[PDB]
Amino acid sequence: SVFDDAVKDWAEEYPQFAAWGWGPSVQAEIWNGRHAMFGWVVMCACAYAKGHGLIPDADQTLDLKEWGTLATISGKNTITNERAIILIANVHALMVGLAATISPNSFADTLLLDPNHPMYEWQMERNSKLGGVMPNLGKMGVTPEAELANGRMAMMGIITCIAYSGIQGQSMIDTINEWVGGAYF
Amino acid sequence: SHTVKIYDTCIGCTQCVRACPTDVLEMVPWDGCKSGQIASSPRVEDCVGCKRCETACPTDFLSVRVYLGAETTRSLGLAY
Amino acid sequence: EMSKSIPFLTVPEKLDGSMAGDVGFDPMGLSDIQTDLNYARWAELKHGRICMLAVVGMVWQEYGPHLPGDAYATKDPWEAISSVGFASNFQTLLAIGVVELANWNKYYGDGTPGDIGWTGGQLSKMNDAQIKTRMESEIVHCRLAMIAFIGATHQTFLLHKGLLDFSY
Amino acid sequence: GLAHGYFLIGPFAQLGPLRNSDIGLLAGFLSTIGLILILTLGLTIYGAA
Amino acid sequence: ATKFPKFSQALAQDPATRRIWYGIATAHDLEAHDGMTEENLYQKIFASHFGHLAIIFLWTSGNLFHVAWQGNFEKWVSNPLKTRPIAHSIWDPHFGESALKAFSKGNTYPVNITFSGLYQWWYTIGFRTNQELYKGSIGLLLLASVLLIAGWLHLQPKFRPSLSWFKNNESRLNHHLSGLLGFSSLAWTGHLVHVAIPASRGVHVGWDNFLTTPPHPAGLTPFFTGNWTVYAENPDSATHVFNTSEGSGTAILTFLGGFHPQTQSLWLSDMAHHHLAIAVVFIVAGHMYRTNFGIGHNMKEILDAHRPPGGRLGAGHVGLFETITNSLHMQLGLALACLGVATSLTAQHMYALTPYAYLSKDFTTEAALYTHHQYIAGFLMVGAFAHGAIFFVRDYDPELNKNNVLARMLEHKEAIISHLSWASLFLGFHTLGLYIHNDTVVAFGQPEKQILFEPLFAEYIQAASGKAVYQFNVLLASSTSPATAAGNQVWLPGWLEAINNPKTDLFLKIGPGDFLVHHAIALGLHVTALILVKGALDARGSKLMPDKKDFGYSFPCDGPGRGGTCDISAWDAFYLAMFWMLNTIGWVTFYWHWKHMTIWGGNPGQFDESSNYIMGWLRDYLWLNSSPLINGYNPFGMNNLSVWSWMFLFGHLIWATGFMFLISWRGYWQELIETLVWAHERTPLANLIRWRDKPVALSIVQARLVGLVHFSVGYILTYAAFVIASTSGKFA
Amino acid sequence: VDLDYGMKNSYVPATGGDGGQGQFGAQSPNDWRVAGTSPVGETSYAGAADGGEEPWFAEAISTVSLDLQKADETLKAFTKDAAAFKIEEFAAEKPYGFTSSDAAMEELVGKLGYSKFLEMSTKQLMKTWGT
Amino acid sequence: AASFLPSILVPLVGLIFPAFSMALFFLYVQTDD
Ligand code: CLA
Ligand code: CLA
Ligand code: CLA
Ligand code: CLA
Ligand code: CLA
Ligand code: CLA
Ligand SMILES: CC(=O)O[C@H]1CC(C)(C)C(=C=C/C(C)=C/C=C/C(C)=C/C=C/C=C(C)/C=C\C=C(/C)C(=O)C[C@@]23O[C@]2(C)C[C@@H](O)CC3(C)C)[C@](C)(O)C1
Ligand SMILES: CC(=O)O[C@H]1CC(C)(C)C(=C=C/C(C)=C/C=C\C(C)=C/C=C\C=C(C)\C=C\C=C(/C)C(=O)C[C@@]23O[C@]2(C)C[C@@H](O)CC3(C)C)[C@](C)(O)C1
Ligand SMILES: CC1=C(C#C/C(C)=C/C=C/C(C)=C/C=C/C=C(C)/C=C/C=C(C)/C=C/[C@@]23O[C@]2(C)C[C@@H](O)CC3(C)C)C(C)(C)C[C@H](O)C1
Ligand SMILES: CC1=C(/C=C/C(C)=C/C=C/C(C)=C/C=C/C=C(C)/C=C/C=C(C)/C=C/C2=C(C)CCCC2(C)C)C(C)(C)CCC1
Ligand SMILES: CC1=C(C/C=C(\C)CCC[C@H](C)CCC[C@H](C)CCCC(C)C)C(=O)c2ccccc2C1=O
Ligand code: SF4
Ligand code: SF4
Ligand code: SF4
């Protein structure tokens, strides 16, 4: 409940991973939050396209001959163009992420805390002063603080969307449209 | 590494120390046998485990016993 | 030597009167193999506290003001689960889980069995003896509730009649 | 890396499962990227040890 | 240690690749780990057992889940004899369109047909809908989690059981016999009476109505009144159609004997009565040992007092109590042995007394189950003898067991080994000789000169239980026999029908051909036993190595001297016996399959005449029935048997690869590896990368193990494909 | 010479199944697990040999050798105790006009070298030192 | 949809999982605590 104790216990139980910043850490909170914030954009875009019929030739399945069995969902049934396109968009993004993970710059925030990276100290310091229950105002604008606050907000939204969708028995895309006011559809 | 032990049944034939490929055994003074000598294993850190020594012992049951154990570069005969 | 509750049996050693509710009752000797009775006391309290709420709730739901809305009206306590739905039930379960995992160390630790800090202002400004009296009251009520729960549930599924329906 | 990546796309593109497909070259590229990832994992692990 | 084998400094400080290989294979020998106390050992073992249990339950959960989510159970339930059961779906990105169609035959998606018999078992026990199967899977997942929690809990400081608790034999036996086996059986008869039997008669009893749907019309009144006969009245008619109320009865506990006419399986009512009786027996037996209540027997006293007055068995069983309680290896050996016998019995009795509905009509499944349990039985048997030997080398106290029944066994070891040898020789020479005689004469075109002995003794036993074909008028085959009179009004009516029905596997007809194969199986058991028994007795010492006990259960050798001492350790006996175990089990399985294959095909004569000589087995069994398998994929196409075809060849590869390790030894390989090291160190560019664990050749014992594993895996895989593809390809 | 240099290694004998450090130590003090080759103008194995223009074959450049002069010293140091025992016995047997152990050693080793001295019986020594 | 799960999990179980597991074992056996 004190939070700190639980984190400590995790580190003790899984020390090797904790060393790099894995697990319940500020680093993870920041990175996972950044991804969630970014995703919201992707999900909203998908909703807009679906509603405005932008995706080309959706509701059609890729050819099992042009493409391969890798495109099969069951037997000879294949993936629809829409899902394929959405995936390719995400793959564009993932590729950028992989490059950043494997080939970091000298002034970049590395995914994991590496003692041999020049930014190790700054990262360690930033994380050391970025923990709290309530968003720290007075540090508005482009600050590490603002980033974390917004990230937590985004992650919470994801959870809420899934839950609401289930309770109302609707797709997540529908809930998004609803919360926007039905603009997308 | 390996463990080599000598027992009281030794007769000081010196055959074992003359067969070791890595000079692990020596002949030391003793009074329990007519020959007045017994075998010792001062440098077992160089035993490769060949057991040539055992093959040379003339006693009913080997007076020199080699018990294979922990392995090191020397015991594994690795020139690389 | 001889149990107070059962006058014709020898009292197990661990039952020495230190803990509240120690009337020297352990006929089957389940206390010997245990290093201490702390974990067991935690469970006794937890089981009893849940049972207390259950008995009260069952009576209320059968004969009391229900929450506004359909699906929250079935008087039958057993049917209520399905009627209310998975969503409602899941949310309660998750909440209980959080509390349980948060106090995990307490349950498996060496502190006062049964104390998770929810003491209100009670059990304060009182001598140790008074504290023990309160604790004894709780354990007595816990045990009573547990016996009652068995009876209430069994009566419901055997006699198939309301709890407060007394007809012969 | 520049040297090894250029020659690896060939084998996949001309002899892979979807070689005769119109998207064969694209598939070949993806396959090469996959192999590069595997090799990169190896390099990372070697360094650590 | 500070390296991989934390439990062994010796291996940890090793500069070669052996450190990794050995650490993996010495991980579960907790007794030999650095700094192991007996208390810790027991505690860790107890926790490990919880984990194993969890794995078993997760496995069961998966089968239910996949059958429910991707199977055809409900359709099968509707038409059991015209639908092929589905195991799981297939999603292989390497498949070609043709394959997708072939494996999707009969369905709409690629699928694997199950030969495990789960459908029949579940159908018999009461399952009728997919939702029911789902609930079961979910429940087992939860139970698995609970077991994992227990493992952690009992390793915690305040919950670790004491060493004394682990050695309270009386309480455990009483509890296990009365509760684990006895009460569980009582619970099962409850299920059968409440859920299964009602379902067979068309009534649905589930968690929704079990408390309001009485299992029997009379109620529990007859039970407490003592009029138990009521529960056996009105048995299902012979015209009863399973899973429906037409011709149904009301009986819940009966002793009809025989098989349901339509399902060709044992009556459910009889099974319920069976488990009820077994329950009482076990519950009573669980009240024999003293457990803190005064009454009971003390095992030590019982063992000590049993010494034949004549002195023929020396001091008797004195001293065995301590030996068993203080040796986990002996305990394991005893357990594995008993379980091994049980597994064989399951295989033998399950094909004759079919327990599940419509299982007899599924030929492939029936074949798989038999071969499955028989092979498991062999492994379990060999392990028992192996741990028995480990016991002698590690836990045997010569002084405690002075003139004990166990010590005297090691005194006449030569007698036992020598006589077992003679038996093996006698059986071997004559069995092979007779087979070759029959082969030669037949080859020369004179089959009338074959030496064929009728299995009269076995035929007599069959007749004794009621078989009439052999014409031996004895016991139950005699109307005037006192035995017939006794059960003629009890269970014989039904039994005598099944035993004398040619379309059942109850006491199949035997002939001269069966005589020979049985004697071959005898050879296998005897020779396998010789190897294992010798290993155990000669594990603590021999004339060649009178000090073997000081080297251990497994050591490479003792040198090239004194004549050569290769394969002199006890572990090597296990190594050598494994091959014989596989051979004998192979013979047993081949016999069952061929006999049944001919019966199913409608030509029992082929086995009867061609089983007398060896060529028959090769040509009329292995060669003839391999045609479907080898044509799974051909230059003209493929079918659903392609996977089985490929596996058959795959097995041959692994088997042969094993030979490399078995025939080629270390010296050659070590020298070759040395050359490779030189190359890597001298080749530019690659020099940049270097190893941290010196590359060395596999050890002597390691190679033996690796080879045995390759040989074994290939052996099982190849036969598995044949037994399945051949049976399915021809009769399915 | 540090006669314990070899004994001072990272090896730790196990309880059961190990002969031990023996007489000269069981393992080298240095760890063999060093790196591989390096680019021109760089070094890898600590005190490694520069490969010059052929870094690929640097490991073939020897840097560890035996000085004949130094060889003499190691022979003397490692055999010091044996020499002591030998001379002591010679002294015990009433040496003719004996002086000092060390003095006797020098005289006896001046002749008969040192190796010969180590391989001679006290009787032979006394005969030799009769003068 | 659950039907898509076979095509989303099998790639992970048979490729990603085994790889990471093997990597971890290597790092574990090549480390000197
Ligand atoms: C063992 C405890 C227990 C459980 C499992 C349930 C379960 C249920 N109750 Mg119920 N109830 C209980 C005790 C319990 N009750 C008690 C003690 C009372 C009297 C105050 C009631 C009065 C009550 C009414 C009036 C109604 C229900 C109803 C229901 C059903 C829908 C849930 C709901 O609306 O609850 C409503 C819950 C409340 C009104 C208050 C619950 C009191 C809780 C237990 C106080 C304890 C809180 C705890 C100490 C702190 C949080 C714990 C942790 C998660 C943080 C559900 C089957 C509804 C129904 O009929 O469904 C068909 C309904 O209308 N209950
Ligand atoms: C706190 C526990 C408790 C309480 C208060 C009750 C109360 C009741 N039960 Mg019940 N029951 C319980 C536990 C309990 N039960 C348990 C554990 C089970 C088994 C699972 C049952 C099974 C059960 C059945 C099967 C039936 C009842 C019935 C009844 C009702 C009539 C009982 C009766 O005729 O007794 C009469 C008592 C006697 C004839 C004996 C005299 C009592 C002795 C001699 C001394 C009593 C004094 C003692 C201190 C009690 C005080 C405690 C109490 C006042 C709080 C009554 C409302 C019956 C009914 O119709 O209710 C609807 C009924 O059919 N119960
Ligand atoms: C060892 C023999 C062998 C060969 C040559 C092939 C060849 C092929 N297989 Mg096959 N396969 C084999 C064995 C083999 N297979 C076995 C044993 C199996 C069972 C597991 C399979 C299972 C299999 C499947 C399931 C599939 C294939 C596929 C393929 C094709 C894709 C090639 C590819 O992506 O490689 C990539 C190759 C590289 C990235 C490197 C190639 C090696 C380079 C060229 C060496 C260069 C050395 C150089 C000259 C040294 C000097 C340098 C100096 C001058 C500077 C290709 C025709 C696919 C296909 O479409 O089938 C047609 C496919 O889906 N194979
Ligand atoms: C309840 C059953 C049981 C239990 C608890 C044990 C427990 C034990 N046995 Mg035992 N054993 C058993 C059954 C059992 N055994 C059976 C049935 C046999 C007969 C085969 C044996 C034969 C046996 C021998 C011969 C030896 C043991 C030993 C041991 C001890 C160490 C085990 C070890 O180091 O493994 C560590 C872990 C492993 C070895 C991993 C196993 C990997 C296997 C071999 C390969 C897997 C198959 C393959 C990969 C499948 C891939 C195929 C695919 C391509 C399709 C341990 C006390 C050893 C000992 O010295 O004890 C004193 C020993 O020498 N046992
Ligand atoms: C085809 C393969 C084959 C055959 C035939 C044998 C045969 C034999 N093995 Mg064997 N074995 C084999 C493979 C084989 N092994 C393999 C692969 C392994 C590795 C695990 C082993 C491991 C093994 C062990 C560990 C042991 C044996 C033993 C035996 C003997 C058992 C006693 C017996 O059958 O006497 C009869 C033998 C035969 C029928 C075979 C020889 C037949 C020749 C041709 C003589 C035939 C005479 C004929 C009847 C006419 C005689 C009269 C004429 C002179 C006029 C027997 C000699 C046991 C042993 O030593 O015996 C006590 C034993 O302990 N084997
Ligand atoms: C369950 C495990 C699994 C799965 C899902 C696959 C899946 C596949 N294999 Mg395969 N394979 C496996 C196990 C598996 N394999 C094993 C165990 C072996 C050894 C016998 C092989 C040997 C094998 C060969 C020899 C070949 C394949 C090929 C293929 C591809 C043919 C379908 C296609 O469209 O190709 C067309 C290819 C594409 C459309 C490209 C897809 C995008 C790639 C796969 C992205 C990979 C990135 C990945 C995340 C990197 C891994 C990182 C690491 C940390 C794990 C397909 C992706 C063929 C191929 O083309 O390989 C790519 C081929 O030649 N496999
Ligand atoms: C659309 C709209 O706005 O209209 C609304 C109007 C209206 C009328 C309000 C509606 C409603 C009904 C609603 C919203 C109902 C919500 C109901 C809800 C939320 C009901 C229970 C939670 C249960 C708990 C917490 C139970 C037990 C908790 C227990 C029993 C514990 O023992 C906790 C425990 O800690 C103890 C105490 C001791 C610890 O040692 C051990 C543990 C940790 C186990 C409608 C109709 O639906 C919609
Ligand atoms: C090595 C070994 O296994 O030894 C074990 C064996 C075994 C059996 C387990 C042991 C036990 C326990 C005991 C005491 C076993 C003895 C006997 C047993 C088995 C059980 C007891 C009493 C049954 C009674 C009193 C009958 C009630 C029956 C009655 C009251 C009735 O007849 C009702 C009925 O009459 C009406 C009213 C009208 C009739 O029209 C219908 C009938 C006739 C049915 C042992 C001896 O301790 C040790
Ligand atoms: C029980 C317990 C406790 C607790 C607790 C609690 C409440 C734990 C709960 C933790 C919780 C609930 C953590 C949520 C995470 C959500 C995440 C990470 C979302 C990631 C989302 C990402 C990375 C977004 C990805 C995508 O953008 C990508 C990738 C592609 C786009 O196409 C689409 C989207 C946008 C989806 C105590 C009380 C605190 C202490 C006690 O001791 C132990
Ligand atoms: C090594 C060793 C070991 C092991 C052993 C073993 C493994 C054994 C086995 C054994 C066995 C495996 C046995 C078997 C047996 C069998 C039997 C004993 C049978 C019998 C039979 C009878 C008795 C009869 C029956 C019948 C009846 C009932 C009636 C009529 C008919 C008839 C036939 C059927 C141990 C660990 C202990 C330790 C020590 C050493
Ligand atoms: C081929 C052969 C070898 C050599 C076989 C070897 C060296 C096997 C090498 C390949 C196996 C598959 C190990 C390769 C492991 C990989 C390098 C990955 C290891 C990763 C670690 C973390 C485990 C022997 O050492 C040997 C010894 C005694 C009798 C017969 C033989 C024999 O026949
Ligand atoms: S085993 Fe070999 S190295 Fe060791 S003492 Fe004997 S002969 Fe010498
Ligand atoms: S060979 Fe045997 S008897 Fe001869 S000296 Fe050596 S140990 Fe003694
Ligand atoms: S294992 Fe090696 S040393 Fe031992 S007897 Fe065989 S060949 Fe000789």
# chains A, B, ... in the order shown; residues from 1 in each chain; ligands from 1
$ residues_near_ligand --ligand "ligand 8" --cutoff "10 Å" --atoms "only C-alpha atoms and all ligand atoms" --output "VMD selection string"
chain E and resid 222 to 229 280 to 285 287 to 288
$ residues_near_ligand --ligand "ligand 2" --cutoff "10 Å" --atoms "only C-alpha atoms and all ligand atoms" --output "list in words"
residues 143, 144, 145, 146, 147, 148, 149, 150, 151, 152, 153, 154, 155, 156, 157, 158, 159, 160, 161, 162, 163, 164, 165, 166, 167 and 168 of chain C
$ closest_atom_pairs --of "chain A" --to "chain E" --cutoff "12 Å" --atoms "only C-alpha atoms" --output "Markdown table"
| residue | atom | partner | partner_atom | distance |
| --- | --- | --- | --- | --- |
| A:64 | CA | E:97 | CA | 8.5 |
| A:65 | CA | E:97 | CA | 9.0 |
| A:67 | CA | E:93 | CA | 11.4 |
| A:68 | CA | E:93 | CA | 8.0 |
| A:69 | CA | E:93 | CA | 5.2 |
| A:70 | CA | E:93 | CA | 5.1 |
| A:71 | CA | E:93 | CA | 8.4 |
| A:72 | CA | E:93 | CA | 8.1 |
| A:73 | CA | E:91 | CA | 8.2 |
| A:74 | CA | E:109 | CA | 6.2 |
| A:75 | CA | E:109 | CA | 4.8 |
| A:76 | CA | E:100 | CA | 7.0 |
| A:77 | CA | E:109 | CA | 9.1 |
$ residues_near_ligand --ligand "ligand 4" --cutoff "6 Å" --atoms "only C-alpha atoms and all ligand atoms" --output "MDAnalysis selection string"
chainID E and resid 25:29 379:380 382:383 386 390
$ select_by_dssp --residues "chain B" --states "strand (DSSP E or B)" --output "JSON, numbers by chain"
{"B": [3, 4, 5, 6, 26, 27, 28, 29, 37, 38, 39, 40, 64, 65, 66, 67]}
$ closest_residue --among "C:141, C:4, C:106, C:75" --to "chain A" --atoms "only C-alpha atoms"
C:106
$ residues_around --residues "residue 74 in chain B" --least-positions-apart "3" --cutoff "12 Å" --atoms "only C-alpha atoms" --output "PyMOL selection string"
(chain B and resi 1-2+22+43-49+70-71+77-80) or (chain E and resi 14-16) or (chain F and resi 21+25-28)
$ interface_residues --of "chain F" --to "chain E" --cutoff "12 Å" --atoms "only C-alpha atoms" --output "tab-separated table (two decimals) with N, CA, C and O atoms, in the first residue's frame"
chain	number	residue	atom	x	y	z
F	10	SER	N	42.41	-18.58	-7.75
F	10	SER	CA	41.01	-18.43	-7.38
F	10	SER	C	40.32	-19.76	-7.10
F	10	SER	O	39.17	-19.79	-6.69
F	11	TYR	N	41.02	-20.87	-7.33
F	11	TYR	CA	40.43	-22.18	-7.12
F	11	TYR	C	40.09	-22.44	-5.67
F	11	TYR	O	40.90	-22.17	-4.79
F	12	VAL	N	38.90	-22.95	-5.42
F	12	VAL	CA	38.51	-23.29	-4.06
F	12	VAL	C	38.12	-24.75	-4.03
F	12	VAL	O	37.13	-25.15	-4.64
F	13	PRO	N	38.90	-25.57	-3.31
F	13	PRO	CA	38.63	-27.01	-3.30
F	13	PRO	C	37.24	-27.33	-2.79
F	13	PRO	O	36.75	-26.65	-1.88
F	14	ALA	N	36.60	-28.35	-3.35
F	14	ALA	CA	35.26	-28.73	-2.94
F	14	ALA	C	35.31	-29.76	-1.83
F	14	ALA	O	36.34	-30.39	-1.60
F	15	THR	N	34.19	-29.94	-1.13
F	15	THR	CA	34.13	-30.92	-0.06
F	15	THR	C	33.82	-32.29	-0.64
F	15	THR	O	32.66	-32.61	-0.88
F	16	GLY	N	34.85	-33.09	-0.87
F	16	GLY	CA	34.65	-34.41	-1.43
F	16	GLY	C	34.72	-34.41	-2.94
F	16	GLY	O	33.99	-33.67	-3.59
F	17	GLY	N	35.58	-35.25	-3.50
F	17	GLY	CA	35.71	-35.34	-4.94
F	17	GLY	C	36.75	-34.41	-5.54
F	17	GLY	O	36.72	-34.15	-6.74
F	18	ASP	N	37.66	-33.91	-4.72
F	18	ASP	CA	38.71	-33.04	-5.22
F	18	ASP	C	40.04	-33.28	-4.51
F	18	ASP	O	40.09	-33.31	-3.29
F	19	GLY	N	41.10	-33.45	-5.28
F	19	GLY	CA	42.42	-33.68	-4.71
F	19	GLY	C	42.93	-32.45	-3.98
F	19	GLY	O	43.59	-32.57	-2.95
F	20	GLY	N	42.63	-31.28	-4.52
F	20	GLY	CA	43.06	-30.04	-3.90
F	20	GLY	C	44.09	-29.28	-4.71
F	20	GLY	O	44.31	-29.60	-5.88
F	26	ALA	N	46.39	-25.74	-8.32
F	26	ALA	CA	45.58	-26.50	-9.28
F	26	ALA	C	45.30	-25.74	-10.57
F	26	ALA	O	45.07	-26.35	-11.61
F	27	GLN	N	45.32	-24.41	-10.51
F	27	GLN	CA	45.01	-23.61	-11.69
F	27	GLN	C	45.89	-22.37	-11.76
F	27	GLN	O	46.40	-21.91	-10.75
F	28	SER	N	46.05	-21.83	-12.96
F	28	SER	CA	46.84	-20.62	-13.13
F	28	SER	C	46.19	-19.48	-12.38
F	28	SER	O	44.97	-19.43	-12.26
F	31	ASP	N	43.12	-15.68	-15.50
F	31	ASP	CA	41.94	-16.27	-16.14
F	31	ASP	C	42.12	-16.35	-17.64
F	31	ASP	O	42.47	-15.37	-18.29
F	32	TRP	N	41.88	-17.53	-18.20
F	32	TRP	CA	42.03	-17.73	-19.63
F	32	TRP	C	40.95	-17.03	-20.42
F	32	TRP	O	41.12	-16.79	-21.61
F	33	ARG	N	39.84	-16.70	-19.78
F	33	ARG	CA	38.72	-16.10	-20.50
F	33	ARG	C	39.00	-14.66	-20.86
F	33	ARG	O	38.41	-13.75	-20.28
F	34	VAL	N	39.88	-14.44	-21.82
F	34	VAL	CA	40.17	-13.09	-22.28
F	34	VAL	C	39.43	-12.87	-23.58
F	34	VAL	O	38.72	-13.76	-24.05
F	35	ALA	N	39.57	-11.69	-24.18
F	35	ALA	CA	38.82	-11.37	-25.40
F	35	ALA	C	39.46	-11.93	-26.67
F	35	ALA	O	40.36	-12.75	-26.60
F	36	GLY	N	38.98	-11.49	-27.82
F	36	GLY	CA	39.53	-11.94	-29.09
F	36	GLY	C	40.44	-10.90	-29.70
F	36	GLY	O	41.02	-10.08	-28.99
F	37	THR	N	40.57	-10.92	-31.03
F	37	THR	CA	41.48	-9.99	-31.70
F	37	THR	C	40.93	-8.58	-31.76
F	37	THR	O	39.73	-8.38	-31.63
F	38	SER	N	41.81	-7.61	-31.95
F	38	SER	CA	41.38	-6.21	-31.98
F	38	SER	C	41.91	-5.50	-33.21
F	38	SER	O	42.83	-5.98	-33.86
F	39	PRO	N	41.32	-4.34	-33.53
F	39	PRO	CA	41.76	-3.58	-34.71
F	39	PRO	C	43.19	-3.08	-34.58
F	39	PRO	O	43.70	-2.98	-33.47
F	44	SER	N	43.99	-6.03	-26.52
F	44	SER	CA	42.80	-6.66	-25.94
F	44	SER	C	43.09	-7.44	-24.66
F	44	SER	O	42.51	-7.16	-23.61
F	45	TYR	N	43.98	-8.42	-24.74
F	45	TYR	CA	44.25	-9.26	-23.58
F	45	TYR	C	45.18	-8.57	-22.61
F	45	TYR	O	46.27	-9.07	-22.34
F	54	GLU	N	49.52	-6.96	-38.43
F	54	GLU	CA	48.76	-8.19	-38.52
F	54	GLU	C	48.13	-8.51	-37.18
F	54	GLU	O	48.52	-9.47	-36.52
F	55	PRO	N	47.13	-7.72	-36.78
F	55	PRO	CA	46.47	-7.95	-35.50
F	55	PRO	C	45.76	-9.29	-35.47
F	55	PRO	O	45.55	-9.84	-34.39
F	56	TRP	N	45.40	-9.82	-36.63
F	56	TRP	CA	44.68	-11.09	-36.70
F	56	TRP	C	45.48	-12.25	-36.14
F	56	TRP	O	44.90	-13.22	-35.67
F	57	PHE	N	46.80	-12.16	-36.19
F	57	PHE	CA	47.65	-13.25	-35.70
F	57	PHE	C	48.46	-12.81	-34.50
F	57	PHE	O	49.56	-13.30	-34.28
F	58	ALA	N	47.93	-11.88	-33.72
F	58	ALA	CA	48.65	-11.37	-32.56
F	58	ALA	C	48.88	-12.44	-31.50
F	58	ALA	O	49.91	-12.43	-30.83
F	59	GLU	N	47.94	-13.36	-31.34
F	59	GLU	CA	48.07	-14.38	-30.31
F	59	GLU	C	49.26	-15.28	-30.58
F	59	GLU	O	49.69	-16.02	-29.70
F	60	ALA	N	49.80	-15.23	-31.79
F	60	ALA	CA	50.95	-16.05	-32.14
F	60	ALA	C	52.26	-15.35	-31.81
F	60	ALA	O	53.33	-15.90	-32.05
$ residues_near_ligand --ligand "ligand 10" --cutoff "7 Å" --atoms "only C-alpha atoms and all ligand atoms" --output "list in words"
residues 330, 331, 332, 333, 334, 337, 338, 341, 381, 384, 385, 386, 387, 388, 389, 391, 533 and 536 of chain E
$ residues_near_ligand --ligand "ligand 11" --cutoff "8 Å" --atoms "only C-alpha atoms and all ligand atoms" --output "number ranges by chain"
E: 20-21, 660-670, 673, 695-700, 702-704; G: 22-23, 25-27, 29-30
$ residues_around --residues "range 156-172 of chain A" --least-positions-apart "2" --cutoff "12 Å" --atoms "only C-alpha atoms" --output "VMD selection string"
(chain A and resid 32 to 33 35 to 41 43 to 44 46 to 47 149 to 154 174 to 179) or (chain C and resid 85 to 88 90 to 91) or (chain G and resid 1)
$ residues_near_ligand --ligand "ligand 5" --cutoff "8 Å" --atoms "only C-alpha atoms and all ligand atoms" --output "count of residues only"
26
$ residues_near_ligand --ligand "ligand 1" --cutoff "6 Å" --atoms "only C-alpha atoms and all ligand atoms" --output "NGL selection string"
:C and (50 or 53-54 or 56-57 or 60-61 or 65-67 or 71-74 or 80-81 or 84 or 92 or 95-96)
$ residues_around --residues "residue 129 in chain F" --least-positions-apart "6" --cutoff "9 Å" --atoms "only C-alpha atoms" --output "ChimeraX atom specification"
/F:95-96,104,107-108
$ residues_around --residues "range 262-266 of chain E" --least-positions-apart "4" --cutoff "12 Å" --atoms "only C-alpha atoms" --output "PyMOL selection string"
chain E and resi 80-81+120-121+123-124+200+236-244+247+254-258+270-272+274+349-362+494-495+498+501+503-506
$ residues_around --residues "residue 36 in chain D" --least-positions-apart "3" --cutoff "10 Å" --atoms "only C-alpha atoms" --output "MDAnalysis selection string"
chainID D and resid 1 4:5 8 30:33 39:42
$ residues_near_ligand --ligand "ligand 12" --cutoff "6 Å" --atoms "only C-alpha atoms and all ligand atoms" --output "ChimeraX atom specification"
/B:19-22,24-25,47-53,66
$ atom_distance --atom1 "CA of residue 478 in chain E" --atom2 "CA of residue 463 in chain E"
9.0 Å
